[PDB]
Structures are given as C-alpha cells and as structure tokens.
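Novice: sequence below, structure please.
(chains A, B, C, D, E and F, ligands or ions: 3)
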Amino acid sequence: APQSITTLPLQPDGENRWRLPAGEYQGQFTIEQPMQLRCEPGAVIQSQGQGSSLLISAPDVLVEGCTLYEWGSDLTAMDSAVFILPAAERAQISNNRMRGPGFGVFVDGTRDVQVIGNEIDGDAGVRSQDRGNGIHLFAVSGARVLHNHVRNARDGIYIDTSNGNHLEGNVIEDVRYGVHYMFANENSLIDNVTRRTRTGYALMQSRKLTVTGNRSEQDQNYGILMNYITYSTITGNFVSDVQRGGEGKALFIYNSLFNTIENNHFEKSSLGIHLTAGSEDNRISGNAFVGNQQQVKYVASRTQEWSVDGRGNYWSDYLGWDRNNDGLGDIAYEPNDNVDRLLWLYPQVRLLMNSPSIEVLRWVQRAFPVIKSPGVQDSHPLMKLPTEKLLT
Amino acid sequence: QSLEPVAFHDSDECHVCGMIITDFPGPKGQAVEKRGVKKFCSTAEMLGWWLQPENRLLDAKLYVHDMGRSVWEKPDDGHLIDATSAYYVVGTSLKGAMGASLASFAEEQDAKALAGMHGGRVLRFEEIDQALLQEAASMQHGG
Amino acid sequence: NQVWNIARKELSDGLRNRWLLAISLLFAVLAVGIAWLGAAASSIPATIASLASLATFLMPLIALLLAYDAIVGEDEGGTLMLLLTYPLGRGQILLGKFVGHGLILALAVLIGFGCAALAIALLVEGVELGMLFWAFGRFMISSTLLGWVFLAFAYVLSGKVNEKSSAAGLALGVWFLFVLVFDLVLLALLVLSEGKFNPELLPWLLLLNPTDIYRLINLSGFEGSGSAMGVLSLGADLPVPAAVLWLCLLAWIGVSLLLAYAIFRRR
Amino acid sequence: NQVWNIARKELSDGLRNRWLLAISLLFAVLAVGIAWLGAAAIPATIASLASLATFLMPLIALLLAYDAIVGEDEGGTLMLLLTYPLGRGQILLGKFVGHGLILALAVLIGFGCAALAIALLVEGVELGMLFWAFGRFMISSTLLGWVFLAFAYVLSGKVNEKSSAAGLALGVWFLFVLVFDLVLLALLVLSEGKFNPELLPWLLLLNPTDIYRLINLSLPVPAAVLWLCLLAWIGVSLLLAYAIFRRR
Amino acid sequence: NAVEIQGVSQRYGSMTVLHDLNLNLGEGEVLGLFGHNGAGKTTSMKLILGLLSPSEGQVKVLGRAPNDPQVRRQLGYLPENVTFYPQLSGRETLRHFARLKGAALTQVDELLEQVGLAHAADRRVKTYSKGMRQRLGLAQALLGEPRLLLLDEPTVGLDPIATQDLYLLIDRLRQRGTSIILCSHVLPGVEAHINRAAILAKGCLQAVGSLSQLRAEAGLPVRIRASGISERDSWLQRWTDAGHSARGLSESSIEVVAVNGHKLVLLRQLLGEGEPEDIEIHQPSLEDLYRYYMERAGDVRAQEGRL
Amino acid sequence: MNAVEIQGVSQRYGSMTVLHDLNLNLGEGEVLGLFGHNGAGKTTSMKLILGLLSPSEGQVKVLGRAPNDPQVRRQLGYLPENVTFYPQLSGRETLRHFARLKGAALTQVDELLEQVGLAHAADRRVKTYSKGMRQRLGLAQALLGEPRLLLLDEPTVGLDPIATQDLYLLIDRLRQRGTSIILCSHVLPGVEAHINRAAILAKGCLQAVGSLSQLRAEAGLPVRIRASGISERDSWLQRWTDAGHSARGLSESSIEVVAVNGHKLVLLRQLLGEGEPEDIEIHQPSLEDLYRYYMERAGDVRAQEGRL
Ligand SMILES: [Cu+2]
Ligand SMILES: [Mg+2]
Ligand SMILES: [Zn+2]
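Specialist: Numbering: from 1, shown residues only, chains lettered A, B, ... in the order given. Ligands and ions are numbered 1, 2, ... in the order given. Have a look at this structure:
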C-alpha cells in the first residue's frame, strides 16, 4: 500500500496544494498529511482490485477531480474507494469519478465531511448483496453530502447512526435501496432524485428528521418506507409509479407515531399509502393522491381524521362538489368501504370481488351508515391540485 | 406443513423492512404460514406484524430464537422455540435490528437473569401489545 | 258514511295481500336489525339517517304495491262500472280507497318503527325515553305521510292507464325515479358542474322529491357528519324552517290527490 | 322440423314485448355508460361490464320465459298446442330456441354498442385482444342467459297460475344473483378458522352467475371445466324442465 | 212506466252513435235489447244506469232522474264479466255490497242460500268458477228489493240447470212487480221468457213490441216439418198448389215453408189425407226475426258458409 | 266407418272413477252433443277423444286409429273454450303460425280469415280484439287443412247473433261434405236446431244417446200446446179436463193445452173441428227440458219454486 507522495504531483501552489498529471497509477494510496490535491482528467488512479484505494487519515484534505477505478470487494475489511478515518475531520471529496465493486465513499467517526458532486457507478454482475454501499456514512455528526450521482451500488446512500447531516440534490439510480437510514436522529435530506429502485427511501428507526422535496421515479414495490420514525417531517415529496415486484406502495408508514406529512404527491402506483394499525394519529394533510388504483390501505375500525386545521388532501376519485367557493370540498371522503377491508382481512373474497352482491354491499354502505366501520376519512378534502410545482 | 421452522439463509430479506436478516444481532422471529414462510429482521418487527389485524385471524405458527441457548451476536438456526410460550425481556440496552430489543427465552429464569442485569422486566407473549412496542422503542432509541 | 263502508273493504283486502305482509315484515325485521347494529356501536345521528333511508326504500314500495291496481284493477275487473251504479260518487270511491289503503300504511309502519323502538329501550341502556319517544313519534307521523304521498301518486297512474299490466310498469317507474334516480341526477348535476352550476337554486330542487323532504324532516335534530347526508348536505342551505317542510309534505298529497280526482273524473 | 316453426312464433312474440325492450335498451345504455366512464376516466373495464351483465342477463332471461308454460295454460293455447302434431319436448325445445336467440341478440345490441364505444374512444386499444376478449364475453353472456332461461322453464312448468310464476322468478333471481354470494361472504366472517379456504372455489361451481364471472377474469380449476360446467347447468335444467313439463 | 226513454239521441265526438230511440217500459214487462252493428246496445244500457249523460233528450228511470241516490238503491245491475275481488271471500264480497246499497245485512245469509252458493260461501273468489261468479253477481243484483233489474248476459258460463232456474227466479220477480231488462246475445232461449223485444241496429231502434207483434210486422215463413211420411208423389204437390214449397232434407224432414195465412186448410190437407206422426210447427224464432230487422236496415245476407 | 268409437272406456284418477263405462259411436257425418253438469265426464271424454289423456280401462279409436298418431291430428280441429291467444302477435301471424304446425298450406290462411269474417281486423294485434273476434280466430284454426272431426267446445260464447247463425250455417255445410263434428255446449237452445243426436251424460255414466226424436219418444214428456182464440177460451177449457188433459186457463181468448202427445193425433182434430187453428203453437219438449229430465232421472233433486 503506497502513499500519495509516492506518486508524481506537480504543485500549482505551495500551500500543500498538489496536482496529479494525466497518466495511470497503480495500487492503494494513503493521505497522511493535509494536502489539498487536485487532479487532471486523465488521472486514472486504478488499483488492482484489492484494498481501499484512497485511505485518508489527515484533517482538512481537498481531494478534487480524481478518477478511481477497480478497488477491492471485502466488505468486512471495508474495501472502499475513499476511506476516511475518524482523525480525518472536515474532508472534502469534490467532483470525482469512481467505478468499483465495493464501498464508494466509506467514512466513519468523521466530522464535517463534505462529499460533493461525485459520480459513483457501482457494479453490474453482483447480486446486490455484495456490491457495497454508494456513500456509506457511519456515525458522523456534521456531514454534507451534495449533488452526487450514485449508480448501481448496494443500498445507495447508507446512513448509520449519523446525527446531523444534509443530503441535497443527489441522483440515485438502479440500486436496491435509494437512501437507507439507520438510527439517524435529527437528519435532513432535500431534493434527491431516485430512479428504478427496489425501495426509494428507507426510513428506519430515525427520529426528528426532515424529508423534503425528494423525487422517486418508477421505483419498485416501496416508494418511501418509514419504520419507527417519530417527530419527522415529510413535505413536498413526489412519488411516482411504484410498480410491483410488494404490490407497489407509494408510501408505507409502519409504526411511525408523530410526523407531519404535507404537500406530497403519490402518483400512479398500485397503493397510494399504506397505513398500518400501529401508526396512528399523525398530521396527514395537503397531499395529492392522484391516479392510484387504491388510495389508502387502513385495516382497522378506529376512526382516523386526515385533515389538520380544516384542510385535507386532494383525492383524484373524490366525486364531490363545492358550493361555497373555497378550496375545500363540502362532503367528507371515505377512501375505504367495509367491503374494501374484507378483501384485506380475508383473501378468499378475491374470487367474489366482481359479484353483484358485492356491488350491492358497496351501495348499502352509502345508504345505511350504521354498517359503516369507522375508517380513514377526511373532512374537507381539496378540490384542486396543491402540488402544482412538483410535476416539473 | 406448518410444523417446520425453516432455517435462515444469507439471502433472506425481512417481510417488513426488506433488508438482509443475517447482518444483525439479536433473535430473529419468523412466521410459518403453510402456504409460504415469511421471516423477520427482529422479533419486535415480527410482533409489530403480528398485532396488525390482517394477521390476528391468520392461523400461522410463530417461531423465535432461544437466546438462553445461543450467543447474542450470531444466533444459530437450530433451537428455535415457539413464540407463544416464550419469555421476552424488554427495555434492555442490547442492540436489536429494528424495534426494541426483545430477547426471547424459554425458561423464565435465564430471562430473569438478563432483566436484573440490564434493568428490564420479563413479560409473556400475550402481554405484548402495540402500546408497549412503541413505548419500549422510545425508551431505547430516544432522548 | 259511504267513504268508510268502502274503506272497510280495502282494510280487509290489503291485509290478505300476501305480498304486502312479506315486505311489511321485511320493514319490521330490518328496522330491528338497523337499531340493533346502532346499539352495539355505542352512533345516534347515523341510526336516524339509516332508518329514514330504510323507509325511503320501503314506504314507497308498500304504497305502490297496494294502490297501483286500485282503479284500473277494478276497471278491467268489471267491478268499477258496477260500483258507479251504487249510491256513490267518483269522489267517494277514491277518497275511500285512500282511507282504506292509508290505514294499512299507518299500521304497517306502526309495526315497523314500533318494534324498532322496543329494540332500543330494551337493548341500549340509559337512552332518554323522552327523546326516544319524540324522535320515533316524529318518525311515525312523517313516514306515514311519505306513504300517503306515494299512495296518492299511485292513484294518478292507476286512473291514467287502461290496462293493469301497464300500470305495473308505471308504478315501477315512479318508485325508481323518486327514490334512487332523482338523488343521482342531482348528484351528477353537482359532480359534473363541481358545485358551480347554481349555488342558490340547487337546494330548492330537494323540494321536488318527497323522499328528500322526508329525509330533511327526520334529520333536523341530528346533523352529525356529512357523508351520512351526501346529497342531503344541501338541506342546510335550504332557508325554510321545519314547519314549512311538513307543509310541503302535505302539499305533495293534496296536489297529487286532487290531480288523482280530476283524472278519475274524466275516466 | 316443427322445433323451428314454433321458434318463429317466439321470435315475433318476444320482440314485441314492451317489458323486454325497456330492459334491453337500458342494458345497452348502461353498457355504454360503464364503458365511457371506465376507459377514458381493457380487462379493468370488462370486469365492471361483467358485474353489469350478471345483473341484467338473468333479468332479461326471466322476463322472457317466466310465462312460457303457465302463460300458455292460462291463455288456453297449451291445451290447443298438444292436440297438434307436436310433442311436449318440441314445445319446450322450440321455446328454448326462440327465447334463446332473443337474448343472443340482446348481447349484440348490448355489447355490440359497448364494443363500438371502446374501439372508437380509446385510440390504441389493441383490437386483436378486443375481438377475443369480447368474443369470450358475448358467448359467455348468452350461456348465462340460457341457464336462467332453463331456470324459467322449471318454474313455469311447476306452477299453475301466472301470478305465482312471477313470484318465483323473482325468488330465483334473488337467490342466484345476490343471496348465494352474500351467504358465502357471511359464513367467512362468522367462521374463518373452521371453513375450508380451498372448499370455496369448488363451491363457486354451484352458482351459474359465479361461473359466469370466472370465465371473464382470465384459480385452481382450469378454463375448460367451467365451460363444461356452465353447459351442464343448461343441460341438467333443460332435462329437469322436460321432466316437469311431461307431468302437467 | 218504469223506464221512460224519450227522444234521446246521444252524440259523443260528433259521431251520433244513438238516434231517437223512444223506449217506454212498463212496470212488469221483461224487455230485451239486442245489438249487432250498432253501438246503441251498450250506450242505451249505460243511459238507464245513470252513468252517462243523455245529450239531446231526457231519460226518466222510475219517474225520476237516473243518477239520483233515491233510485239507485232500487236498481240492480249485472255486468258482463265481473271477477270481483279474488282475495275476499263470498260473504265478505256480498256484505260489502250490502253496506253500499243500504240493504239489511240479514239479506246476505238468505241470498247465498237462495242462489246456490252456501257451500261455496266463506271461500275465496279466486277459487270460484266462472259460473259461480255469475251466481254471486246475481246475488248482489237482488239486494234490497230492486224494482228494476238490468242483466247484461246473465247466463254465460252457466250450467243448464241453473239457467232454467234463473229464469224461474226471473219469473218470480216479474210477478212481484219488478221490471227486468235482459240485454243478451244468446237469443235462442231468451225468447221464451221475454215479453217484448227491442231490436236496435245502427243506433235507430228498429222494432219494438211483443213476439206476436214482431211476427205480424214481418212476413216470415213458418217452418212446418211433417215426419210421417215425406214420400213424394202427392206430398210434393198437394202443398205446392197454393205456393208452399215442400222442401225436405232427410228421410222425412219436409219443411214446408208456409205463409201463416192458410193454417186451417194446410193442416186439413195434412190430417185429411196421409197419416202423420209428429208435426213440428216451428214458428219464426227470435233468431230469424232478428236477421229480418237487421237485414232491413243495413245488413246484406252472407254467403253459404262465409261467416 | 265411424270417426269416434269410444268402446267401453273407464277413466279414473285415484279411487274415484271420473268417467265410467262411456260407450259412444260417432258416425261419419253426425253432429253429437256432449252435455254435462255435475260430472267432469264431459271434460274427461273431451280429453280422451284428443291425445291428452289415456283410457285407463278401455280404448278409443279416433278415425280408425289411435288418438295420438300425427296422421290423426293433422285432420282434427279443436277449438277450446275461453282461449286467449298471444296478444302481441297479429291475427294473420297467429294463423300463419298455426298453419305451419298443422302442415296446412299457407295459401289457406287468407281464405279462412276471409271465411270467418276477420279481414277487417286482420293485421291488428290480438290484444285489441273482442271476445267474439277471438272466437272467430279460434274457429279459423280449427278449419285449417281438411279436418274430419271438429271439437267445438262452446263456439258461440260472446258471438253476435248473425255470426251464431252463420256458424251453424257453416256447420251444416261442413257435415254435408263428410266431416262429423262434436258440439260441446251449455247454451242448450241454439244447438238444438243443429244437433243430430244428443249425448246427455250425468255425474259418472252416460245417461242417454240417440236422436232428438228418440229422446222425446223414450222420455215421456208432455207437449206444450199454446193457442189464441180458436173458437173460445171458456168453451174449450172444459173438454180436455173431461178427456183427461190439462187445459191451462190463461187470461182471455187463449187456450194452453198440456197434452200427453201420444193421443194428440185425433185430439187436435176436435180442436180443428170447432175453431180456426190460425194462431196456435204446439211446442215439443225441448232439449232444455229433456236435459232437465235426465238430471231428475238419476239423482239431482229439483230446486224450489224460484230458488237458483
Ligand atoms: Cu435498515
Ligand atoms: Mg367545500
Ligand atoms: Zn426486518
């Protein structure tokens, strides 16, 4: 494992700033001194397929413009492309191209690291169980990962026990998980774009975090999966066309107690939102449930008001009117019948689902409200689309 | 066909969170349905799944690990007790996969060993409810 | 009086109709079944709007089953032309049939909402018996009047036709139009215009349907939710008080019975 | 053959029925009005059309033939027709051909205007699947109607008065459309850990409205058994109607 | 003078379906009204019952107006076919009509035994034959001593013992002083019981009077047939000497159509030579008289088998 | 050659024999009348002649064959009583339907519609027909083809008195051709001018069969001779009472004599010998009175003075 001083860097400026010329290199490399190294676009630092290619142990390092290729794959020994030690505080990894079968950017124990503008193409043949993480962050406080381009890794931007950090504007394509969150209290992520992913956003056991403006285009079976998130905030997300592969849920709220879910857009999936029985009484108001074949799945008999401050959500199948010309509808909207939960409670009713007697039972509930189980209604639904900006 | 707790593979995803089960410590529940076995990344994620009303009426046997006869970081498939007759401890500082840490036992005295060793309380299977799972996870991963 | 002597026939002829006694027991076993389901869910403004919806489907049905063949069933049966050669008028053999079939609906709904009240005072403990008797006293003297509306509708379409097989086609048409078509045309007028056709004319179209005035009378004290109402949510925007809503129910009898007498006078 | 000579009567008498032409017109508007509000707003719309034709094609079949046998006995022509060179089989089979081609035309105005409203209001419907999914739909809607036609001959031959024939034809329509599946649904909610789940698909074969929907939703059974079980509902009930008609 | 129709020419739709019938009926006669082409038979029937208003003329039933309540308790009307009320019983149908007509309720038990219906009393009218409903329909017509019956074909669907007993029940009421009108279309058989026929055709009342007058005002041949013997050398000629065609159709059926002006000498021809067995002087019946007056107004004789 | 040879049948339903020992022989051109009252024998015999029932203890030979051959029923008209055809069909289309079933040529449909007088009301629905218009239609299907036996069960109910006499004029035109028909009626005057031989039958059995001249000869029934002014009413009332005959004392100048018609050959000669016979009417005991006698002969006690 050689070092970065064992290469041939021509210094542009004598403030520990270096510039690697065009030409290939070989093997792992190690930064031990605070060097603000740049690279020419022909700086193909190609390792041989083993070890972490650019290990970093020194603070205040501006690695910029490098192009790393073909590092190791031992995920237990953390074969990364850019390994950043706990002593390497405030590292900047700016505008880099990476292609290799392990971790792209593995940091751990670091503070105020900035991972900006990189393009990390992961793999093609490994079974998405040993591809390694795109941007792995392991218990970092202060991180700033912005405007990257992660493609074909395993579970995208993994986040483990990292407290305060932003994920702004990065594109994540063809992975199993888009963004994975594990115990990340007081996190934040803005404007990320996810395409063709087996779960667009994993929100697991992380409290107090802000999920805003993110996009999920044509993901598989789970648009945004939230497990055990409390006091969070889900504002302005655009989840589109979650196809099956699960049957396809644009938002799957599982055991999330308190969180504000406003201004979202759940579009053209099989299930618009899945609300489990344990996750109840949270502020869900102002979303847009358009084009989904079934809007809410809520298997309970507990009533669930879905409109805070008298404003509810826009529903595409809302066959209502508005007499006094405000934005709100006049009649309440129940998204689920009693027969829409007999199909979920007993799957053998799927054979009987086209029967006229079932179609009688849909009309008997609209005529006789004693048999209506208390569902997932919202008084005052919206009449127009509130997310007129999210379609762009 | 409901009589067989199947063994875990490395390529075994959870039913709820969907992630890889054998990358985690703690006991891992699973549910044999006799039409298809579905597995869980933690016992608290199985008990969160069991208390949903689609699965209250569903006739399926629940199997968890025996942490009285296994090491807590890498549990073998092996001895896998019935989850209705177990003794879950709660409120310990142990790091489970998803929910609160619910170490499952079968003999109630080894369950009483870990309860006093971490400040927890033993409780049976029927005492588990969704008011308790969300309360215990807030005491573990909160504040 | 001759009006009572011909009412005593229809009281003793309608009670031998086996099709009446099936669907008037169906009204009794459903008003118990609704009130039993309304007692186990202990709510109250939904069990009033569901009982009033039950009498919307059945009190027009019992009224049209009785009196669709009242005039034309006697005309082609030959016994109408005989009856005019008795010391009678055409006004006495219509008002007498209205009294005779009207006391059946006064007894078919006193059985129905009577046994529905006994499945509340003996099932759900601690209800206000003054409020229970008042609400089901308002249910009895307003679902009878709804029954007398469709009784007087049936005399219009029995005097107009001249064959009893065509009278059953019109009586099925009146039951379909006023019960479960007029609430859907008003719904489709409100859905396709998104409530912007007329914000002030549209509540007055509820008065052109006596089944909708019937729902507006019994749902006075119990507003509650909105999806229990549906297209009865325009009834809050009707500025008429409750006493005029009784008078528009009596006016649906008196215009459609005076029309039934003027049709029968030129039979 | 006099099975056709008595069928030409039932065509000419059935097509002037004002009660039938009101329902067959109402079937054709609602088959367009479901197809208009189901494509612009194709297996997703043929399922809502299957629930419509399960309501009305038993009702069209029972309106034609509830007074086929007992309506001729009250009319006096039944005693006249048996003195002609005609068996009792040829009266029943000839009424079954004559009333059968009426509701074989009532799906050609019903779905002939519904498939026209799909082939001209989707623009990219992939019509090679249309002429096979509606070809399986128009054939199976006649066979559903031919069961209830043969059910109507059973209740016509049994009764002695025209008023109780309509009282039984309403009872057959309530039981086989929306009481048999509601008592299927009711048992499941009341008992879910005792009733066999596997048993219920087999128990769907005791209902010709249910076998009608299962060949429009394409499942432990194959397709070819359901066609031979729907035809067995015709062939048993026509043989049952012939055995009742021979005992007048 | 029970029924006094005078000058009535009922018009409706400017069609004039009745014209100038002057039908005075006595207090004990049994009148018969028979109509073919003309619609007068039913309109005049209505006109007496009071359920029609006489345009251009006056109808005086029982000396008073026809729609007064004081005379409508004294009328009795048997209509054509009355399937009354199929769910009511026999007594309850007749007690219903007894309350309307003001008759005493003790008459119901003595009319369901007078008419043969006490075995079928307290049985539903849907379980009645057509003959039993005509029996019940007559029973409300005799309700509360009617001074004017008006029967519109009372003997249809009825077994022949009750039909003969009905006219004996009719003949009891003629002696009691109640005028009866028999509007019928079964003219052979009713001619033995009526007193005066009234054949009306094309609205105009063609002929009225007794049966002896209608044969006097219409020259019709009497159809004398003489069984014993037909045989041919002198029985063909001894009657044709004065113009009586001795036409026969069988072994002995010589129906000599006479003129009713030589009944002394033809029977002296019959009894003077040749022995007979059973002479049957068949007078021109009400069927033959009806087809004379019908043909005299508008009708043309149909062909050999062409109606 | 005989059309109907009912040879000792005995039709029973359960233990009751609804038709016992009926023995008929309808000729080749005769008009027979099945009259019945208490018994359903009239109705059961009607069914036995057709192919509707089977003789439980006998045999019927309709036209020399079994009654259920198709060659028999192509030459067998049958008008049933109170028939009401398919009311949405037309009058011409109903006969064109029935001509196809009987194998008759379709060129006979417009002849029979013209023959019964239904040309004006042809191509109109059967629902807008009168009662007698349906009897003309029901008669017209019976004349389809070349029938050799007609069973006109009550043909003149609701029919006009011209059309009633015209129907019997078609009957005597038919029976000259050789088609022996059967009248089944209850209006006994009217059939009595055209019935060739009555077949009056009681509850179970067959009471009497034979011509009208044989029924009046067998049943001793008194002649109803009514007169008006032969010589004098009061001078002639005395003579039959001394001779042993009833002379009814009518109002004025009218002599009603109820004689026993066995001796009336020479008794009417003295009636000729004292006055003119210019207005008399000797009435034979009619078919109404003969049928009332046979009811009296077996059971059926007479109702009172005026009862029924
Ligand atoms: Cu995870
Ligand atoms: Mg609003
Ligand atoms: Zn899991």
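Novice: list of residues touching the helix of greatest length in chain A?
Specialist: Assignment by DSSP state H gives helix A:356-367 as the longest helix of chain A. With contact meaning CB atoms under 8 Å, 6 or more residues apart in numbering or on different chains, helix A:356-367 is reached by A:337-339, A:352, A:371-372, C:50, C:53, C:57, C:230, D:51, D:54-55, D:177-182, D:185, D:209. No exception for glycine: its C-beta is placed from N, CA and C like everyone else's.
Novice: cool, stretch C:11-26 as well?
Specialist: Residues contacting stretch C:11-26 (CB under 8 Å, 6+ apart): C:58, C:61-62, C:65-66, C:100-101, C:103-104, C:108, C:111-112, D:167, E:85, E:87-88, E:92.
Novice: just the buried residues of those.
Specialist: Among those, the ones that count as buried by 16 or more other CB atoms under 10 Å in any protein chain shown are C:58, C:61-62, C:65-66, C:100-101, C:103-104, C:108, C:112, D:167, E:85, E:88, E:92.
Novice: which of these sit farthest apart?
Specialist: Greatest spatial distance in those: C:58 and E:92, 28.3 Å, computed using CB to CB.
Novice: for the residue lying closest to residue B:99 once chain neighbours are set aside, give its distance to residue F:39.
Specialist: With CB to CB, 6 or more residues apart in numbering or on different chains as the criterion, residue B:99 has its nearest non-adjacent residue at 2.5 Å, and that residue is residue B:44. Counting by CB to CB, to the nearest Å, the gap from residue B:44 to residue F:39 is 92 Å.
Novice: ditto for residue C:64
Specialist: For residue C:64 relative to residue F:39 (CB to CB), the value is 46 Å.
Novice: now do residue B:25
Specialist: Taking CB to CB, one finds residue B:25 at 102 Å from residue F:39.
Novice: contact residues of the stretch 51-200 of chain A facing ligand 3?
Specialist: Within the stretch 51-200 of chain A, not a single residue sits near ligand 3 (CB under 5 Å from the ion).
Novice: immediately after whatever helix or strand residue A:55 lives in, which helix or strand?
Specialist: Here residue A:55, judged by DSSP states H and E, is contained in strand A:54-56. Following strand A:54-56 in sequence order, the next helix or strand is strand A:62-64 (DSSP H and E).
Novice: what are the contacting residues of stretch A:376-392?
Specialist: Against stretch A:376-392 from outside (CB under 8 Å, 6+ apart): A:236, A:238, A:263-265, A:275, A:285-288, A:290, A:296, A:298, A:303-307, A:310-315, A:318, A:320, A:322, A:327-329, A:332-336, C:194, C:226-227.
Novice: in space, what's closest to whatever residue of the stretch 51-200 of chain E ends up closest to chain D - neighbours in sequence excluded?
Specialist: When scored by CB to the nearest CB, the stretch 51-200 of chain E has residue E:126 as its residue closest to chain D, at 8.6 Å. Distance criterion CB to CB, 6+ apart; nearest residue to residue E:126, sequence neighbours excluded, is residue E:86 at 3.6 Å.
Novice: which residues does that neighbour contact?
Specialist: By CB under 8 Å, 6+ apart, the residues touching residue E:86 are E:124, E:125, E:126.
Novice: ok, the strand holding residue A:55: who's next to it in the sheet?
Specialist: Here strand A:54-56 is paired, per DSSP bridges, with strand A:29-31 (parallel), strand A:80-84 (parallel).
Novice: how close does the residue in the stretch 51-200 of chain C that ligand 2 sits nearest to get to residue C:229?
Specialist: Per CB to the ion, residue C:195 is where the stretch 51-200 of chain C lies closest to ligand 2, at 7.5 Å. From residue C:195 across to residue C:229, the span is 15 Å (CB to CB).
Novice: likewise for residue C:184?
Specialist: 15 Å.
Novice: what about the strands in chain B?
Specialist: For chain B, the strands defined by DSSP state E occupy B:30-32, B:38-39, B:61-63, B:88-90, B:121-123.
Novice: would you reformat these as TSV and include distance to ligand 1?
Specialist: What follows is the strands of chain B, written out as TSV (distance: least, CB to the ion, whole Å):
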stretch	distance to ligand 1
strand B:30-32	18
strand B:38-39	15
strand B:61-63	22
strand B:88-90	21
strand B:121-123	26
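Novice: most tightly packed of those?
Specialist: Between the strands of chain B, strand B:88-90 has the highest mean count of neighbours, a mean of 25, where neighbours are mean count of other CB atoms under 10 Å in any protein chain shown.
Novice: got the contact list for residue C:77?
Specialist: With CB under 8 Å, 6+ apart, residue C:77 has these contacts: E:82, E:83, E:84, E:85.
Novice: dihedrals phi and psi, the first one?
Specialist: Going back to what we said before, that points to residue E:82. Dihedral angles phi and psi of residue E:82 (degrees, to the nearest 10) take the values phi -120, psi 90.
Novice: I'd assumed residue E:36 was in contact with residue E:202.
Specialist: No: using CB atoms under 8 Å as the test, residue E:202 is too far from residue E:36 to be in contact (9.1 Å).
Novice: who has more neighbours, the two?
Specialist: residue E:36 (22 against 18; other CB atoms under 10 Å in any protein chain shown).
Novice: SS state for the more buried one?
Specialist: coil (DSSP: H, G, I helix; E, B strand; the rest coil).
Novice: so it sits against residue E:201, correct?
Specialist: Yes: taking contacts as CB under 8 Å, residue E:36 lies within contact range of residue E:201: 6.1 Å.
Novice: joint contacts of these two?
Specialist: Joint contacts of residue E:36 and residue E:201 (CB under 8 Å, 6+ apart) are E:294, E:299.
Novice: how many residues are close by the residue of chain A found nearest chain C?
Specialist: Of all residues in chain A, residue A:321 sits closest to chain C, with a separation of 3.1 Å (CB to the nearest CB). By the criterion of other CB under 10 Å, residue A:321 has 24 neighbours.
Novice: now residue E:13
Specialist: Neighbours of residue E:13 (other CB under 10 Å): 6.
Novice: what about it, which helix or strand?
Specialist: Using DSSP H and E, no helix or strand contains residue E:13.
Novice: and it, how far is that from residue A:382?
Specialist: 66 Å.
Novice: residue numbers of chain B in contact with ligand 3?
Specialist: Residues of chain B lying near ligand 3 (CB under 5 Å from the ion): B:14, B:17, B:41, B:45.
Novice: any idea which of those residues has the most stuff around it?
Specialist: residue B:41 (29 neighbours).
Novice: residue contacts, residue 46?
Specialist: Going with chain A. So residue A:46 contacts A:24, A:25, A:26, A:68, A:69, A:70 (CB under 8 Å, 6+ apart).
Novice: the chain in question should be chain C.
Specialist: By CB under 8 Å, 6+ apart, the neighbours of residue C:46 are A:369, A:370, A:372, C:38, C:224, C:225, C:228.
Novice: just checking, the first one touches residue C:49?
Specialist: Yes: under the criterion of CB under 8 Å, residue A:369 is in contact with residue C:49, at a separation of 6.0 Å.
Novice: which neighbours do the two have in common?
Specialist: When CB under 8 Å, 6+ apart defines a contact, the residues bordering residue A:369 and residue C:49 alike are residue C:228.
Novice: give me the residue from chain C nearest chain B.
Specialist: Closest point on chain C to chain B, by CB to the nearest CB, is residue C:41, at 17.6 Å.
Novice: take the buried ones among the contacts of stretch C:11-26 and keep only those in strands.
Specialist: Counting by DSSP E, the buried ones among the contacts of stretch C:11-26 contribute nothing to strands.
Novice: my read is that residue E:79 contacts residue C:81, right?
Specialist: Yes: judged on CB under 8 Å, residue E:79 makes contact with residue C:81 at a distance of 5.8 Å.
Novice: excluding covalently adjacent residues, which one is nearest to the residue of chain A closest to chain C?
Specialist: With sequence-adjacent residues excluded and distances taken as CB to CB, 6+ apart, residue A:321 is closest to residue C:195, at 3.1 Å.
Novice: got the phi and psi for that neighbour?
Specialist: The phi/psi pair for residue C:195 (degrees, to the nearest 10) is phi 70, psi 20.
Novice: can you check residue A:266 too?
Specialist: phi -110, psi 110.
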